[PDB]
Every structure is written in structure tokens, then in C-alpha cells.
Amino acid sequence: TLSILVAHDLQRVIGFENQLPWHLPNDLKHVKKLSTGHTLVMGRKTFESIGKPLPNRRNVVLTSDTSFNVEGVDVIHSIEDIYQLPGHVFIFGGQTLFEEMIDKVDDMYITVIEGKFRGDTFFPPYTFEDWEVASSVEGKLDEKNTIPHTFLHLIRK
């Protein structure tokens, strides 16, 4: 199973100056439940922006740097190596790798942030004519989650 896993705002912003533009604890928990025990694949810049591999799952970084090495991180140098990864594989970021993978994945787990943030990194355009809405769940607002958001699982028609 090959999935995209992304949070993006109303204009598909996913990042600003190496940071997430929003603070949404419920989405981090969403990320944890989906991807714990499985595989996250990310381009080099997305990994560096995070700074450490995420615990309790395989962390795979795509880069052309043959000296890249980080404890707890498996390195690949080719898009085609993604297809040899066993198990459930989530494409995690960033804009470049999403552009390379959006036409290849089976499904996408999107968190739509119902806001307009300043961004410099974007998720590719996509149309619902190509994706069936398997589920759409509104996140709950509270104390620490103050931006409306929606969990979409989209599956390729």
C-alpha cells in the first residue's frame, strides 16, 4: 500500500520557512496513529526541517547525497527504490516529492486546514473527479486545537 500523508491549508500551503505554519495537536496524533509501525518516506529538506527521525516507524529519506547518514534513518537515492519498500508506505513530504508521487500513490490521507496561511511550500493541485472520498471527518476544536480542520481519506478512482 502506497499512500500520501499531508496537511495543507485552503490554498494547499504545507510549509513556511522550514516550519509548519500552524500548530494542530490533533493532526500530530492523526499522523502518529496512521504511521506508527509503518514507513514514512520524505525528501531531504523535509527531513532536515524535522531534524530527527520519528519514533516507532521506519524513516526513509530520499537524497542524492551519497554521504548522507543519520542514526535511525534509511537512505534511498532513487524514486524507484520507494517501490521496493515493504509494507504500508506513506509519502510524507515535501512539495518536490509530492509532485513526483501524487500520480503514483493508491490513496491520500489529507488534513485540510480551513485557513489561509502564508507559505512557500505547496501541495500539488488535484481534482475530486480523480479521487473518491472514502471518509471525511471534522476535527474537534478546543483548548489546543483552534483552527478548523478535516481528515480526508481519498482513494484513486
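All residue numbers are counted from 1 along the displayed sequence.
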Comparing 63 to 71 with 95 to 103, the one whose average Cα B-factor in the PDB entry is higher: 63 to 71
Comparing 136 to 144 with 6 to 14, the one whose average Cα B-factor in the PDB entry is higher: 136 to 144
Candidate residues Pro53, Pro124, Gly115, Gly43, the one whose C-alpha B factor the record puts highest: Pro53
Lowest, middle or highest third - CA B-factor, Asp27: middle
